[PDB]
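So the structure is just underneath, and the comments pick up after that.
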Amino acid sequence: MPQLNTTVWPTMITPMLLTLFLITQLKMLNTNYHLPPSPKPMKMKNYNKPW
Amino acid sequence: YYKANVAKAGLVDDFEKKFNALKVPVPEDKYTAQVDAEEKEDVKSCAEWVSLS
């Protein structure tokens, strides 16, 4: 089994740690879901006329 | 009706004299000036609030 040849094990481990812990995560951080544009038509800090 | 129908000595006549020259007290306002002042104050407050609006 070529999977047991431990000589090429760093070549398979070092890029993965860059791809899984740096690049894919930097691409998920740039995937953002903004909160809904919910517009409140009820917002009026008013008060009775000056009486 | 009270000169020619009253046979009494001048009582009608002195009554009419005392009545022709009676000073009946005309009441004074004493209350409109202060409500005018209150209207001025209220107009001031209302114009201030309107500038805010």
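Chain B residue numbers are taken from Swiss-Prot; in order, the displayed residues are 56-108.
If you check the header, you will see the structure was determined by electron microscopy, 2.5 Å.
A Cβ is built for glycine as well, from the same backbone N, Cα and C atoms used for every other residue.
According to Swiss-Prot, the protein has these features:
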- B:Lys63: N6-acetyllysine (MOD_RES)
- B:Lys72: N6-acetyllysine (MOD_RES)
- B:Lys78: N6-succinyllysine (MOD_RES)
- B:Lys78: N6-acetyllysine (MOD_RES)
- B:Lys85: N6-acetyllysine (MOD_RES)
- B:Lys85: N6-succinyllysine (MOD_RES)
- B:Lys95: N6-succinyllysine (MOD_RES)
- B:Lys95: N6-acetyllysine (MOD_RES)
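Comparing CA positions across the modified residues B:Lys72, B:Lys78, B:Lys85, B:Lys95, the one lying closest to B:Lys63 (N6-acetyllysine) turns out to be B:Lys72. Using CA atoms as reference points, the modified residues B:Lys72, B:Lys78, B:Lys95 were checked against B:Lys85 (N6-acetyllysine), and the closest is B:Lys95. Cα-Cα distance from B:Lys95 (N6-succinyllysine) to B:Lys78 (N6-succinyllysine): 36 Å (rounded to the nearest whole number).
Taking the Cβ of B:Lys78 (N6-succinyllysine) as reference, no residue of its chain lies under 8 Å away while being at least six apart in sequence. Residue environment of B:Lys63 (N6-acetyllysine) contains 7 other Cβ atoms, counted within 10 Å of its Cβ in all protein chains.
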